[PDB]
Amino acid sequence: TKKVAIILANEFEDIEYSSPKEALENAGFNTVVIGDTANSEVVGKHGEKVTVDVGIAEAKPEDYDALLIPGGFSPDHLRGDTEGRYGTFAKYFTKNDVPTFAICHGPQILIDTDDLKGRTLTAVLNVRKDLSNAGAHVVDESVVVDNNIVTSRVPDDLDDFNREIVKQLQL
């Protein structure tokens, strides 16, 4: 069975967590929440409460068949980690071309891999300049697939994002 890591902090955009989660689980895939502490709770922008499954210190990126990065301000919180552990976690995925899914602000965490030069990505407008300065070819589309990396911009894009992410995992 295939298993998706979801990196999450406080102030995720609720639907960007729950909608891709549902779509993966409907297609028969497992999901697991990676966060600061096992059994700590993080709370979405609109009050959705999520329990962290696995602490970032313990997580073994090789256990996972994909990485999902929900947007809102969760990615900005994650980039506050004083040891940069979420970027380092995400680097396993970009370095080994493991399916990597990021919506809205989510691709902020990808910047910290240093792996974006020459890659084609979209994101929420707020973050596009920073993605470009990280070396990405940034476009403005509802969903972008660049080999293993699937990105979308906003919650309106979810239908497209969700289709493309479960497809990528079927391989």
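One rule holds for the numbers: they count along the sequence shown, beginning at 1.
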{"item": "Mean Cα B-factor comparison, 40 to 48 or 129 to 137, giving the higher one as deposited", "value": "40 to 48"}
{"item": "Residue range whose averaged C-alpha B-factor is higher in the record, 67 to 75 or 95 to 103", "value": "95 to 103"}
{"item": "Residue 62 by Cα B-factor - lowest, middle or highest third of the modelled chain", "value": "highest"}
{"item": "Entry-reported Cα temperature factor of residue 116, expressed as the chain third it lands in", "value": "middle"}
{"item": "CA B-factor placement of residue 33, once the chain's modelled residues are sorted into thirds", "value": "middle"}
{"item": "Third of chain Cα B-factors occupied by residue 9", "value": "lowest"}
{"item": "Third of the chain's Cα B-factor distribution that residue 122 belongs to, per the entry", "value": "middle"}
